[PDB]
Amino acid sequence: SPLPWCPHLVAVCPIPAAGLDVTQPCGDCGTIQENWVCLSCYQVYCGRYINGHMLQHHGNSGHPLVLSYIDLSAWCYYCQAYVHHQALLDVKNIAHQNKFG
């Protein structure tokens, strides 16, 4: 199981009314692969196995929680764990609808 809570959920911000684009490329390198969306500022950056731009974004912003456009899991960089909680349901559901129809 993911953690059912973490102390950084307070930093999850409202979903833009434009919604989410799960095909959006990395804002730095432009890769289509292994992207995440930041649940604070909604910038999109690639995962550790591509060029690590989301980890970089965490480092330079301190934003805690990011959502995978592969599997809709949410990672907290501070807790170094996956987290699931009702505060993430709306954003996960919006991503699921955009990804899968």
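One-based numbering along the sequence shown.
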Legend entry - Entry-level comparison of average CA B-factors, 12-20 and 77-85, reporting the higher stretch: 12-20
Inset, instruction - Using only the Cα atoms and their B-factors as the entry lists them, report which of 3-11 and 90-98 averages higher. - result: 90-98
Inset, instruction - Determine, from the deposited record, the chain-internal third of the Cα B-factor for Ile50: lowest, middle or highest. - result: middle
Legend entry - Third assignment of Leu72 from its chain's C-alpha B-factors: middle
Inset, instruction - Tell me, lowest, middle or highest third: where does the Cα B factor of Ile32 rank within its chain? - result: highest
